[PDB]
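This is start.cif (mmCIF, C-alpha atoms and all ligand atoms).
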```cif
data_query
loop_
_atom_site.label_atom_id
_atom_site.label_comp_id
_atom_site.auth_asym_id
_atom_site.auth_seq_id
_atom_site.Cartn_x
_atom_site.Cartn_y
_atom_site.Cartn_z
CA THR A 1 115.38 51.12 203.98
CA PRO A 2 117.84 49.16 201.78
CA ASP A 3 115.37 49.34 198.89
CA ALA A 4 114.84 53.04 199.48
CA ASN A 5 118.61 53.67 199.19
CA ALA A 6 119.03 51.82 195.69
CA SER A 7 119.33 54.37 192.91
CA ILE A 8 119.57 54.43 189.15
CA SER A 9 119.59 57.05 186.45
CA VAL A 10 118.97 56.81 182.71
CA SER A 11 120.50 58.84 179.89
CA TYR A 12 118.96 59.06 176.44
CA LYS A 13 119.76 59.86 172.84
CA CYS A 14 117.05 60.46 170.29
CA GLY A 15 117.60 58.33 167.19
CA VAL A 16 117.05 59.00 163.53
CA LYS A 17 113.88 59.08 161.35
CA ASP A 18 113.37 59.12 157.61
CA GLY A 19 110.67 58.88 155.17
CA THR A 20 108.42 55.93 156.03
CA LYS A 21 108.31 57.46 159.52
CA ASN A 22 106.96 54.27 161.14
CA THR A 23 109.88 53.58 163.49
CA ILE A 24 110.64 55.20 166.83
CA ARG A 25 114.45 54.98 167.41
CA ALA A 26 116.14 55.80 170.72
CA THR A 27 119.08 54.68 172.85
CA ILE A 28 119.15 54.50 176.65
CA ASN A 29 122.05 53.97 179.10
CA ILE A 30 121.20 52.83 182.62
CA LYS A 31 123.54 53.74 185.49
CA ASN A 32 123.69 52.50 189.09
CA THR A 33 124.08 55.75 191.05
CA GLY A 34 123.90 54.06 194.44
CA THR A 35 126.39 52.34 196.71
CA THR A 36 125.12 48.74 196.42
CA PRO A 37 124.72 46.60 193.33
CA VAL A 38 121.48 46.41 191.37
CA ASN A 39 120.25 43.38 189.42
CA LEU A 40 119.16 44.26 185.89
CA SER A 41 116.26 41.83 186.41
CA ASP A 42 114.83 44.31 188.94
CA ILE A 43 115.01 47.29 186.53
CA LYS A 44 112.24 48.48 184.23
CA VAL A 45 112.23 51.51 181.90
CA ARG A 46 109.12 53.15 180.37
CA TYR A 47 108.96 55.17 177.14
CA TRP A 48 105.70 57.07 176.96
CA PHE A 49 104.15 58.00 173.57
CA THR A 50 101.06 58.49 171.42
CA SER A 51 100.76 55.58 168.93
CA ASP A 52 98.86 57.68 166.37
CA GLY A 53 96.37 54.98 165.56
CA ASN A 54 98.75 52.07 165.47
CA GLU A 55 97.14 49.16 167.32
CA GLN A 56 100.24 47.11 166.87
CA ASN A 57 103.52 48.58 168.15
CA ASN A 58 106.47 46.19 168.29
CA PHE A 59 109.62 46.53 170.41
CA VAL A 60 113.05 45.43 169.23
CA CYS A 61 116.41 45.79 171.01
CA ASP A 62 119.25 46.06 168.50
CA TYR A 63 122.34 45.88 170.73
CA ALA A 64 123.33 45.30 174.32
CA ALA A 65 126.77 44.48 175.77
CA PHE A 66 125.28 41.53 177.66
CA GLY A 67 123.25 40.36 174.63
CA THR A 68 120.02 41.45 173.00
CA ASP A 69 118.43 38.24 174.35
CA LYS A 70 118.54 39.72 177.85
CA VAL A 71 116.34 42.70 176.90
CA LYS A 72 112.56 42.45 176.81
CA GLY A 73 109.90 44.94 175.83
CA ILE A 74 106.12 45.10 175.99
CA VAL A 75 103.91 47.89 174.63
CA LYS A 76 100.70 48.56 176.50
CA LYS A 77 97.74 50.93 176.08
CA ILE A 78 96.91 53.51 178.66
CA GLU A 79 93.20 53.41 179.48
CA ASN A 80 92.98 57.00 180.79
CA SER A 81 95.47 58.74 178.36
CA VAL A 82 97.37 61.74 179.52
CA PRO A 83 99.38 64.50 177.78
CA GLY A 84 101.77 62.95 175.35
CA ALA A 85 100.83 59.32 176.09
CA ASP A 86 98.14 56.84 175.13
CA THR A 87 100.73 53.99 175.16
CA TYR A 88 103.95 53.04 176.87
CA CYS A 89 106.79 50.66 176.04
CA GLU A 90 108.12 48.91 179.15
CA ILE A 91 111.67 47.63 178.80
CA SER A 92 112.85 44.97 181.21
CA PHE A 93 115.62 42.41 181.59
CA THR A 94 115.81 38.62 181.94
CA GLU A 95 116.76 36.86 185.17
CA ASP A 96 120.15 36.11 183.71
CA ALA A 97 120.87 39.62 182.42
CA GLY A 98 123.49 40.43 185.08
CA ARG A 99 124.02 43.22 187.55
CA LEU A 100 125.29 46.75 187.75
CA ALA A 101 128.02 47.46 190.29
CA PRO A 102 127.90 50.78 192.12
CA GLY A 103 128.90 53.38 189.55
CA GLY A 104 128.40 50.94 186.68
CA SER A 105 126.26 51.17 183.69
CA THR A 106 125.02 49.40 180.75
CA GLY A 107 126.26 51.69 178.07
CA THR A 108 124.23 52.05 174.89
CA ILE A 109 121.01 50.03 174.51
CA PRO A 110 119.46 51.09 171.16
CA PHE A 111 115.89 50.01 170.41
CA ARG A 112 113.07 50.47 168.00
CA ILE A 113 109.31 50.65 168.35
CA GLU A 114 107.81 49.64 164.98
CA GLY A 115 104.35 50.50 163.69
CA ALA A 116 102.51 49.85 160.38
CA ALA A 117 101.44 53.49 160.00
CA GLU A 118 103.45 56.67 160.48
CA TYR A 119 104.42 57.89 163.94
CA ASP A 120 104.40 61.59 164.66
CA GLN A 121 106.90 61.69 167.49
CA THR A 122 106.44 65.35 168.34
CA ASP A 123 103.34 64.53 170.34
CA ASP A 124 105.06 61.85 172.44
CA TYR A 125 105.81 62.57 176.10
CA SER A 126 109.20 60.82 176.08
CA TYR A 127 110.46 62.23 172.73
CA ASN A 128 113.15 64.85 172.96
CA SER A 129 114.78 65.82 169.69
CA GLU A 130 117.09 68.26 171.56
CA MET A 131 119.01 65.17 172.74
CA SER A 132 119.93 63.88 169.25
CA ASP A 133 123.56 64.88 169.18
CA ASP A 134 124.58 63.75 172.69
CA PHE A 135 123.15 61.67 175.50
CA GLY A 136 121.06 63.68 177.89
CA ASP A 137 118.99 63.60 181.11
CA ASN A 138 115.57 62.88 179.63
CA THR A 139 113.40 62.87 182.75
CA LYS A 140 110.35 62.11 180.58
CA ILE A 141 111.64 58.52 180.45
CA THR A 142 110.95 56.69 183.76
CA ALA A 143 112.84 53.86 185.44
CA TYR A 144 111.97 51.59 188.34
CA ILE A 145 113.70 49.22 190.74
CA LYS A 146 111.30 46.47 191.96
CA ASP A 147 108.40 48.51 190.49
CA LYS A 148 109.27 51.61 192.52
CA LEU A 149 109.96 54.83 190.67
CA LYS A 150 113.65 55.77 190.74
CA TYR A 151 114.17 58.06 187.76
CA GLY A 152 112.07 60.50 185.83
CA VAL A 153 108.46 61.74 186.03
CA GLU A 154 105.56 59.52 184.77
CA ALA A 155 103.24 60.89 182.14
CA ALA A 156 100.11 61.87 184.04
CA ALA A 157 96.90 64.02 183.78
CA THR B 1 142.60 53.87 162.61
CA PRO B 2 139.89 51.81 164.38
CA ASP B 3 142.33 51.07 167.22
CA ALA B 4 143.31 54.72 167.41
CA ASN B 5 139.64 55.72 167.88
CA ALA B 6 138.95 53.25 170.91
CA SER B 7 138.93 55.17 174.18
CA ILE B 8 138.64 54.47 177.86
CA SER B 9 138.90 56.45 181.05
CA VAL B 10 139.45 55.35 184.65
CA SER B 11 138.14 56.92 187.85
CA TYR B 12 139.65 56.21 191.25
CA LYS B 13 138.90 56.34 194.95
CA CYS B 14 141.63 56.06 197.54
CA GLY B 15 140.79 53.41 200.13
CA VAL B 16 141.37 53.22 203.83
CA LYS B 17 144.49 52.45 205.94
CA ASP B 18 144.96 51.65 209.60
CA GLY B 19 147.58 50.58 211.91
CA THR B 20 149.47 47.63 210.42
CA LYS B 21 149.81 49.83 207.32
CA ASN B 22 150.79 46.92 205.05
CA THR B 23 147.83 47.09 202.64
CA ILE B 24 147.31 49.45 199.73
CA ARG B 25 143.52 49.81 199.17
CA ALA B 26 141.98 51.52 196.12
CA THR B 27 138.96 51.23 193.85
CA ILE B 28 138.91 51.86 190.09
CA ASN B 29 136.00 52.21 187.62
CA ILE B 30 136.75 51.74 183.93
CA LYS B 31 134.57 53.51 181.34
CA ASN B 32 134.32 53.08 177.57
CA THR B 33 134.35 56.69 176.33
CA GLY B 34 134.37 55.74 172.67
CA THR B 35 131.72 54.86 170.12
CA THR B 36 132.55 51.14 169.63
CA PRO B 37 132.65 48.37 172.20
CA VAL B 38 135.82 47.39 174.03
CA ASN B 39 136.65 43.88 175.28
CA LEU B 40 137.79 43.87 178.91
CA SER B 41 140.38 41.27 177.85
CA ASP B 42 142.13 44.04 175.88
CA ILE B 43 142.29 46.44 178.87
CA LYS B 44 145.15 46.78 181.33
CA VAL B 45 145.49 49.23 184.24
CA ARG B 46 148.76 50.13 186.04
CA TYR B 47 149.11 51.39 189.62
CA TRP B 48 152.58 52.81 190.16
CA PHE B 49 154.19 52.80 193.65
CA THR B 50 157.28 52.46 195.81
CA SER B 51 157.20 49.08 197.63
CA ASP B 52 159.30 50.35 200.55
CA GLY B 53 161.44 47.26 200.74
CA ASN B 54 158.73 44.70 200.24
CA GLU B 55 160.00 42.08 197.81
CA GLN B 56 156.67 40.37 197.85
CA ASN B 57 153.61 42.45 196.96
CA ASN B 58 150.39 40.51 196.36
CA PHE B 59 147.33 41.67 194.40
CA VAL B 60 143.78 40.76 195.36
CA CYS B 61 140.51 41.90 193.74
CA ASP B 62 137.69 41.97 196.29
CA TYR B 63 134.64 42.64 194.11
CA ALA B 64 133.62 42.95 190.49
CA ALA B 65 130.13 42.87 188.94
CA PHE B 66 131.28 40.23 186.45
CA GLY B 67 133.12 38.21 189.15
CA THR B 68 136.43 38.53 190.93
CA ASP B 69 137.64 35.51 188.91
CA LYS B 70 137.76 37.70 185.81
CA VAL B 71 140.29 40.12 187.33
CA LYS B 72 144.01 39.41 187.32
CA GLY B 73 146.93 41.30 188.76
CA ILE B 74 150.71 41.04 188.59
CA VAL B 75 153.22 43.19 190.49
CA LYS B 76 156.51 43.85 188.75
CA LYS B 77 159.73 45.71 189.62
CA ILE B 78 160.90 48.65 187.63
CA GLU B 79 164.58 48.28 186.76
CA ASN B 80 165.25 52.01 186.24
CA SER B 81 162.95 53.49 189.01
CA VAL B 82 161.44 56.87 188.53
CA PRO B 83 159.76 59.42 190.84
CA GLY B 84 157.16 57.69 192.92
CA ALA B 85 157.67 54.22 191.42
CA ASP B 86 160.03 51.28 191.80
CA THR B 87 157.12 48.84 191.20
CA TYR B 88 153.83 48.66 189.38
CA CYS B 89 150.71 46.52 189.72
CA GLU B 90 149.22 45.63 186.33
CA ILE B 91 145.54 44.75 186.45
CA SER B 92 144.08 42.81 183.55
CA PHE B 93 141.03 40.74 182.67
CA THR B 94 140.39 37.16 181.54
CA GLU B 95 139.28 36.25 178.03
CA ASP B 96 135.80 35.62 179.34
CA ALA B 97 135.49 38.84 181.35
CA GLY B 98 133.03 40.50 178.95
CA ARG B 99 132.86 43.79 177.13
CA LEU B 100 132.03 47.41 177.69
CA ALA B 101 129.43 48.97 175.39
CA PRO B 102 129.98 52.56 174.30
CA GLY B 103 129.26 54.66 177.37
CA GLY B 104 129.43 51.62 179.65
CA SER B 105 131.55 50.96 182.60
CA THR B 106 132.52 48.48 185.08
CA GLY B 107 131.54 50.29 188.20
CA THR B 108 133.55 49.72 191.36
CA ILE B 109 136.50 47.30 191.27
CA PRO B 110 138.13 47.43 194.75
CA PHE B 111 141.53 45.80 195.21
CA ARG B 112 144.35 45.41 197.62
CA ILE B 113 148.11 45.20 197.27
CA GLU B 114 149.43 43.33 200.33
CA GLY B 115 152.95 43.48 201.73
CA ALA B 116 154.66 41.93 204.81
CA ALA B 117 156.16 45.26 205.93
CA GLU B 118 154.55 48.68 206.16
CA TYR B 119 153.78 50.71 203.04
CA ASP B 120 154.25 54.45 203.11
CA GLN B 121 151.81 55.44 200.40
CA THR B 122 152.73 59.11 200.33
CA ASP B 123 155.73 58.37 198.16
CA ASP B 124 153.73 56.42 195.57
CA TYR B 125 153.12 57.97 192.15
CA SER B 126 149.54 56.68 191.85
CA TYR B 127 148.42 57.49 195.43
CA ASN B 128 146.06 60.41 195.80
CA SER B 129 144.52 60.85 199.22
CA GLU B 130 142.54 63.89 197.93
CA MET B 131 140.29 61.38 196.15
CA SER B 132 139.17 59.50 199.30
CA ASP B 133 135.69 60.90 199.63
CA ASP B 134 134.58 60.65 195.98
CA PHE B 135 135.79 59.06 192.77
CA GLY B 136 138.13 61.26 190.83
CA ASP B 137 140.22 61.61 187.64
CA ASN B 138 143.51 60.19 188.89
CA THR B 139 145.71 60.57 185.81
CA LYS B 140 148.62 59.01 187.74
CA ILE B 141 146.90 55.66 187.12
CA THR B 142 147.41 54.50 183.49
CA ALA B 143 145.21 52.33 181.29
CA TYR B 144 145.84 50.63 177.96
CA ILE B 145 143.87 49.04 175.14
CA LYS B 146 145.93 46.34 173.34
CA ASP B 147 149.04 47.66 175.16
CA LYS B 148 148.58 51.21 173.84
CA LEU B 149 148.26 54.02 176.34
CA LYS B 150 144.70 55.40 176.51
CA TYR B 151 144.43 57.05 179.92
CA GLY B 152 146.78 58.75 182.29
CA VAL B 153 150.52 59.57 182.30
CA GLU B 154 153.11 56.81 183.03
CA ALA B 155 155.54 57.31 185.86
CA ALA B 156 158.80 58.28 184.17
CA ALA B 157 162.24 59.93 184.83
CA CA A 201 102.78 60.15 168.42
CA CA A 202 155.74 53.65 199.12
#
```

Whole structure, structure tokens version:
Amino acid sequence: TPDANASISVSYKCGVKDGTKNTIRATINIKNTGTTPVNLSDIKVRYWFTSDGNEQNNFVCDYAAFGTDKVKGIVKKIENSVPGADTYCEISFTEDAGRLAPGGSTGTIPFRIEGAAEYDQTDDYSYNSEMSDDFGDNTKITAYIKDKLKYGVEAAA
Amino acid sequence: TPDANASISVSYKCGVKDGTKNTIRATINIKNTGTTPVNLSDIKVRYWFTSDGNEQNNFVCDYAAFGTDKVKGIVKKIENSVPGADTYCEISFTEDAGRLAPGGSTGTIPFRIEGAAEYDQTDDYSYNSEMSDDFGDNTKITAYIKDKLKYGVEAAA
């Protein structure tokens, strides 16, 4: 089917951490790997993690070529937690965000997930410190077109 | 310098030809390979060719994610022709075309160069029929940021 044929990939770079240790930093780059355009409004990305007691976990996008105001994020609890995830951050795009041509991509989209208390990122499904120096194929980040899985493997028991 | 550090690459796919043989078809995909954004308005691309007697050679862009109305082309004669080129088509972008984030790209930008009489593309510097099945690194197409060469090798005696 036409929807079956749409394809995207995501690349990832692990950000920096300091001393307060209450900020998850990462950058993603979403590519249209198919032969027809994709609307950004149809794309969602999930970052799976353990919130380490933080009830409040706030998403911020710090840059996007098409404007930070096009990028949305919600952080939700997982009821039946799984290895590396009791929470996920779901990144999405506004209706007016634009579209990716075949072979096109967003380029860097850096974001933060902010908590009051410290995050230990080592016990997060989507965290991969091996991808700090260069963008890599972090298949523990998932992406969706019209709510159908197109990239990565979901955290799961 | 900051300008020195900006970088782009271009990938290319050779289009189709038939029977009238008076249309050059190609697709390009421009990528920001640097670590700071690039404005599309600062980018130019040149396709170098022999016009085979055609005095009139018309550029058309058939698709772009950001709109065909953002893409401009002019075809100019080369006074002191060189191997594979007595003409070039210079593709550029409007002030409002948008920008490429680091790691971003345009995706497919198909275009045509239209002539009244037949083109023989085999004697064109920028033509590479080996890149018909997949996008490739056609370094006989040049690209520029603020009129400074950033990709490819210009046709030259
Ligand atoms: Ca954690
Ligand atoms: Ca020719």

Nearby residues, ligand CA 201 (chain A), 8 Å, all atoms listed in the file, as a list in words: residues 49, 50, 51, 52, 84, 85, 119, 120, 121, 122, 123 and 124 of chain A

Contact set, chain A to chain B: 9 Å, all atoms listed in the file, as a ChimeraX atom specification: /A:29-32,37,64-66,98-109

Point (161.1, 60.3, 185.8), cut-off 7 Å, counting only C-alpha atoms, residues as a ChimeraX atom specification: /B:82-83,155-157

Spatial neighbours of residue 19 of chain A, 10 Å, only C-alpha atoms, chain gap at least 3 places, as an NGL selection string: :A and (22-23 or 118)

Straight-line distance linking atom CA of residue 76 of chain A with atom CA of residue 47 of chain A, stated in Å to one decimal: 10.6 Å

Atom CA of residue 56 of chain A to atom CA of residue 92 of chain A, distance in Å rounded to a single decimal: 19.2 Å

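Here atom CA of residue 59 of chain A and atom CA of residue 34 of chain B stand 26.5 Å from one another.
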
Exercise: residue 48 of chain B partners within 9 Å, only C-alpha atoms, chain neighbours under 6 positions left out, as a list in words: residues 84, 85, 86, 87, 88, 89, 90, 124, 125, 126, 127, 140, 141, 142, 154 and 155 of chain B

Nearby residues (all atoms listed in the file) at most 12 Å from residue 148 of chain A, same-chain spacing under 3 positions excluded, as number ranges by chain: A: 3-8, 42-45, 142-145, 151-152, 154

Residue nearest ligand CA 202 (chain A) - candidates B:57, B:9, B:111, B:16, atoms counted: all atoms listed in the file: B:57

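With distances restricted to all atoms listed in the file, B:54 is the closest residue to ligand CA 202 (chain A) from B:54, B:94, B:20, B:27.
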
Selection near residue 93 of chain B, 7 Å with all atoms listed in the file, sequence-local residues under 3 positions removed, as a ChimeraX atom specification: /B:40-41,43,70-72,97

Please write out, as JSON, where the centre of an axis-aligned box around all listed atoms of segment 27-43 of chain B lies and how long its edges are, in Å to one decimal, after adding 4 Å on each side.
```
{"center_x": 137.0, "center_y": 49.0, "center_z": 181.7, "size_x": 18.6, "size_y": 23.4, "size_z": 32.2}
```

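Each of B:18, B:11, B:24, B:67 was compared to ligand CA 202 (chain A) using only C-alpha atoms and all ligand atoms, and B:24 turns out to be the nearest.
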
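Distances from B:110, B:130, B:53, B:62 to ligand CA 202 (chain A) were compared using all atoms listed in the file, and the smallest one belongs to B:53.
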
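Using only C-alpha atoms and all ligand atoms, the shortest contact distance between ligand CA 202 (chain A) and any of B:74, B:149, B:58, B:21 is found at B:21.
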
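Across B:146, B:134, B:117, B:46, the tightest approach to ligand CA 202 (chain A) is made by B:117 when counting only C-alpha atoms and all ligand atoms.
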
Limit the output to N, CA, C and O atoms and give segment 126-139 of chain B as a PDB file, in the first residue's frame.
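Wrote part_2.pdb, looks like this:
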```
ATOM      1  N   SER B 126      28.834  17.708 -17.172  1.00  0.00           N
ATOM      2  CA  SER B 126      28.118  17.308 -15.962  1.00  0.00           C
ATOM      3  C   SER B 126      27.262  16.039 -16.105  1.00  0.00           C
ATOM      4  O   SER B 126      26.720  15.578 -15.109  1.00  0.00           O
ATOM      5  N   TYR B 127      27.123  15.503 -17.319  1.00  0.00           N
ATOM      6  CA  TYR B 127      26.295  14.327 -17.561  1.00  0.00           C
ATOM      7  C   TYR B 127      26.969  13.073 -17.093  1.00  0.00           C
ATOM      8  O   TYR B 127      28.106  12.816 -17.509  1.00  0.00           O
ATOM      9  N   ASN B 128      26.288  12.257 -16.286  1.00  0.00           N
ATOM     10  CA  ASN B 128      26.848  10.986 -15.913  1.00  0.00           C
ATOM     11  C   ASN B 128      25.762   9.946 -15.888  1.00  0.00           C
ATOM     12  O   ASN B 128      25.055   9.728 -14.874  1.00  0.00           O
ATOM     13  N   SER B 129      25.650   9.219 -17.008  1.00  0.00           N
ATOM     14  CA  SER B 129      24.626   8.175 -17.125  1.00  0.00           C
ATOM     15  C   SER B 129      24.829   7.010 -16.188  1.00  0.00           C
ATOM     16  O   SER B 129      23.918   6.173 -16.044  1.00  0.00           O
ATOM     17  N   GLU B 130      26.025   6.841 -15.592  1.00  0.00           N
ATOM     18  CA  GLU B 130      26.284   5.788 -14.599  1.00  0.00           C
ATOM     19  C   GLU B 130      25.494   6.016 -13.334  1.00  0.00           C
ATOM     20  O   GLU B 130      25.435   5.130 -12.474  1.00  0.00           O
ATOM     21  N   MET B 131      24.982   7.215 -13.116  1.00  0.00           N
ATOM     22  CA  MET B 131      24.239   7.574 -11.919  1.00  0.00           C
ATOM     23  C   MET B 131      22.723   7.700 -12.230  1.00  0.00           C
ATOM     24  O   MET B 131      22.069   8.676 -11.864  1.00  0.00           O
ATOM     25  N   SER B 132      22.187   6.768 -13.003  1.00  0.00           N
ATOM     26  CA  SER B 132      20.797   6.777 -13.406  1.00  0.00           C
ATOM     27  C   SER B 132      19.958   5.966 -12.465  1.00  0.00           C
ATOM     28  O   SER B 132      18.772   6.222 -12.369  1.00  0.00           O
ATOM     29  N   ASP B 133      20.501   4.933 -11.861  1.00  0.00           N
ATOM     30  CA  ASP B 133      19.721   4.068 -11.023  1.00  0.00           C
ATOM     31  C   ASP B 133      19.656   4.527  -9.577  1.00  0.00           C
ATOM     32  O   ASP B 133      18.685   4.210  -8.883  1.00  0.00           O
ATOM     33  N   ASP B 134      20.662   5.256  -9.112  1.00  0.00           N
ATOM     34  CA  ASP B 134      20.774   5.703  -7.726  1.00  0.00           C
ATOM     35  C   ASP B 134      21.481   7.049  -7.767  1.00  0.00           C
ATOM     36  O   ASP B 134      22.219   7.338  -8.688  1.00  0.00           O
ATOM     37  N   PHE B 135      21.201   7.852  -6.747  1.00  0.00           N
ATOM     38  CA  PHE B 135      21.917   9.089  -6.505  1.00  0.00           C
ATOM     39  C   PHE B 135      23.375   8.804  -6.285  1.00  0.00           C
ATOM     40  O   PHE B 135      23.767   7.866  -5.588  1.00  0.00           O
ATOM     41  N   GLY B 136      24.218   9.638  -6.879  1.00  0.00           N
ATOM     42  CA  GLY B 136      25.640   9.544  -6.709  1.00  0.00           C
ATOM     43  C   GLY B 136      26.354  10.873  -6.557  1.00  0.00           C
ATOM     44  O   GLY B 136      25.783  11.950  -6.593  1.00  0.00           O
ATOM     45  N   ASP B 137      27.687  10.736  -6.308  1.00  0.00           N
ATOM     46  CA  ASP B 137      28.577  11.886  -6.002  1.00  0.00           C
ATOM     47  C   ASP B 137      29.141  12.364  -7.333  1.00  0.00           C
ATOM     48  O   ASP B 137      30.271  12.025  -7.723  1.00  0.00           O
ATOM     49  N   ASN B 138      28.344  13.141  -8.048  1.00  0.00           N
ATOM     50  CA  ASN B 138      28.754  13.695  -9.334  1.00  0.00           C
ATOM     51  C   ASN B 138      29.504  15.010  -9.162  1.00  0.00           C
ATOM     52  O   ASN B 138      28.910  16.088  -9.068  1.00  0.00           O
ATOM     53  N   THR B 139      30.830  14.888  -9.029  1.00  0.00           N
ATOM     54  CA  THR B 139      31.716  16.009  -8.777  1.00  0.00           C
ATOM     55  C   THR B 139      31.986  16.841 -10.029  1.00  0.00           C
ATOM     56  O   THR B 139      32.759  17.795  -9.953  1.00  0.00           O
TER      57      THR B 139
END
```
